Amino acid sequence: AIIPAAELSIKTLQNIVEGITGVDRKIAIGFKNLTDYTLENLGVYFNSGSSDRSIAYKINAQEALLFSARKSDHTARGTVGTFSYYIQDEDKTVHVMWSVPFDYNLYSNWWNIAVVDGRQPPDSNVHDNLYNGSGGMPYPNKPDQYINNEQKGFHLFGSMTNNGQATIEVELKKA
């Protein structure tokens, strides 16, 4: 679940997500910690679906997390959630939201990354605020776009693909 950040490739994420057979909505997320800080997982909140592997509790300096999630069998929902990492020594939390919906006639893929003050575990309120751009969260990000922004002394970069076997590649650096 943890590799050196410099070894992360889009091909690795493609392999991960394509290896989830049996459902039509799933995601692989590769998240690079390009800081010198240790990141501590505060949880994963699932709005829709689940995951078959535990998220890494610690992402150390210059490592990437590999994470995957998938929709549930027999349901008209997709894979949607938020994971969160506390930046040890900075008293801030980084949230990563993903949404790969069941119904592309109505909805599209979305993602978000936010840096907030304090130690903030993910939950339905945090997730909804990231999805809607409310409660002090930035507005979320469309797929097929390279996102670059700065928040609370950090630079955030990443992108998401557009379909039901989605990938997100995202990176945290000190600004």
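We did not get these values from a lab; they are worked out from the coordinates using the rules stated. Cβ placement follows ideal geometry from the backbone for every residue including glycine, while neighbour counts extend to all protein chains displayed.
Taking other C-beta atoms within 10 angstrom as a stand-in for reagent exposure, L130, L106, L13 fall in the order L106, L13, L130, fewest first.
Return the tail of the calculated pair distribution for the chain, meaning the percent of Cα-Cα pairs more than 27 Å apart. Numbers along the way, then the final one.
On the way: 2521 of 15225 pairs.
Cα-Cα pairs of the chain separated by over 27 Å account for 17 percent.
Checking every one of the chymotrypsin sites (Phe, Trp or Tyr not before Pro) in region 122-159 against DSSP loop status and a limit of 14 other Cβ atoms within 10 Å picks out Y146.
Charge tally around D89: other residues with Cβ under 11 Å, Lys/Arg +1 each, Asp/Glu -1 each, net -3.
Where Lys and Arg each count +1 and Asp and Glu each count -1, what net charge lies around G153 among other residues with Cβ under 10 Å from its Cβ?
Net local charge, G153 excluded: +1.
Going by amide H atoms built from the backbone, whose H comes under 5 Å of the H on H155, apart from near neighbours? Those lying under 5 Å, H to H, from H155 are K173, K174, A175.
Comparing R119, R53, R70 in a Gaussian network model of the chain, where Cα atoms under 10 Å apart are tied by springs, the biggest mean-square fluctuation is seen for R53.
Across region 56-71, computed HN-Hα scalar couplings (Karplus, 6.51 cos²θ - 1.76 cosθ + 1.60, θ = phi - 60°) run 5, 5, 10, 10, 7, 4, 6, 10, 10, 7, 10, 9, 9, 8, 8, 5 Hz from first to last residue, x flagging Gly and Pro. The spread of Cα positions in region 1-91, taken along each principal axis and listed from longest to shortest, comes to 43, 28, 14 Å.
Comparing Cα centroids, region 130-175 and region 14-51 end up 14 angstrom apart. Taking the DSSP beta bridges with both ends in the chain, the antiparallel portion is around 85 percent.
Rounding to the nearest 20 debye, state how big the charge dipole of the chain is about its Cα centre with +1 on each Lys and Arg Cβ and -1 on each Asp and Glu Cβ.
On the way: 15 positive and 19 negative charges, 45 e Å.
Dipole of the chain, to the nearest 20 debye: 220 debye.
Karplus-derived 3J(HN,Hα) values for region 145-158, using 6.51 cos²θ - 1.76 cosθ + 1.60 with θ = phi - 60°, are 10, 7, 9, 9, 8, 10, 8, 6, x, 10, 9, 10, 9, x Hz; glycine and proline are entered as x.
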